[PDB]
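To keep things clear, I will list the structure first and then write my remarks on it.
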């Protein structure tokens, strides 16, 4: 998920909620120094975010489909 | 709200849930044919996601600032 983690942090930062300095320090730390437990914990965060993000995708697709097909 | 919708769709794009066509197709509908209710529904879903991102933002910062900063 080393690509997935970049895409999550990027996503958070792109929409506000995280600043540039934190994103680049986070990704340096994640890639070089985070311990196996610390990588598990971040993986939970990204999984929560992936399920949040997918839910919203289905809402928007379903909203759009319902408006067109009705 | 529009900027939140566009940047959200990007976040959907990069993870590949959504097909390529959806962005232009959804934005054209959202901006040009969505009823007052459909527009409200779209903003409300996107605010509920923004609130998930804000909470997740703070939880990432609070949980890991020490481990990140301590190693310089």
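Quick grid of which residues meet (1) within 9 Å of chain B (Cβ to nearest Cβ); (2) under 17 Å from the mean Cα position of the chain (by Cα); (3) on the phi < 0 side of the Ramachandran plot:
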residue: A:4; (1), (2), (3): yes, yes, yes
residue: A:8; (1), (2), (3): yes, yes, yes
residue: A:11; (1), (2), (3): yes, yes, yes
residue: A:31; (1), (2), (3): no, yes, yes
residue: A:44; (1), (2), (3): no, yes, yes
residue: A:48; (1), (2), (3): yes, yes, yes
residue: A:70; (1), (2), (3): no, no, yes
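For the criterion of being under 12 Å from residue A:64 (Cα atoms), touching a helix residue (DSSP H, G or I) at 6+ places or on another chain (Cβ under 7 Å) and facing another protein chain (nearest Cβ under 7 Å), residue B:15 fails. Only one of the listed residues (B:35, B:63) is over 22 Å from residue A:25 (Cβ atoms) and out of contact with any strand residue (DSSP E or B) (no Cβ under 6 Å at 6 or more places or on another chain). That residue is B:35.
Do the conditions hold for residue A:37, that is, is it exposed (fewer than 15 other Cβ atoms within 10 Å of the Cβ), facing another protein chain (nearest Cβ under 10 Å) and closer than 17 Å to residue B:70 by Cβ? Criteria not met by residue A:37. Within 17 Å of residue B:5 (Cβ to Cβ) and part of a helix (DSSP H, G or I): is that true of residue A:27 in this structure? Spelling it out, it is not the case that residue A:27 is within 17 Å of residue B:5 (Cβ to Cβ) and part of a helix (DSSP H, G or I). Residues to consider are B:38, B:47; find the one that is assigned to a helix (DSSP H, G or I) and in contact (Cβ under 8 Å) with a residue 24 or more places away in the chain. It is B:47.
Report, by residue number, each residue of region A:18-39 that is out of contact with any helix residue (DSSP H, G or I) (no Cβ under 8 Å at 6 or more places or on another chain) and closer than 19 Å to residue B:55 by Cα. If the condition is that a residue be out of contact with any helix residue (DSSP H, G or I) (no Cβ under 8 Å at 6 or more places or on another chain) and closer than 19 Å to residue B:55 by Cα, then A:21 is the only one that fits.
Yes or no, residue by residue, for (1) crowded, with 17+ Cβ neighbours inside 10 Å; (2) farther than 28 Å from residue A:44 by Cα:
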{"residue": "B:6", "(1), (2)": "no, no"}
{"residue": "B:10", "(1), (2)": "no, no"}
{"residue": "B:22", "(1), (2)": "yes, yes"}
{"residue": "B:31", "(1), (2)": "no, yes"}
{"residue": "B:45", "(1), (2)": "yes, no"}
{"residue": "B:59", "(1), (2)": "no, no"}
{"residue": "B:69", "(1), (2)": "no, no"}
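Note that we place each Cβ from the backbone using ideal geometry, even for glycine, and neighbour counts take in every protein chain shown. No value in this document is a laboratory result; all are computed from the given coordinates.
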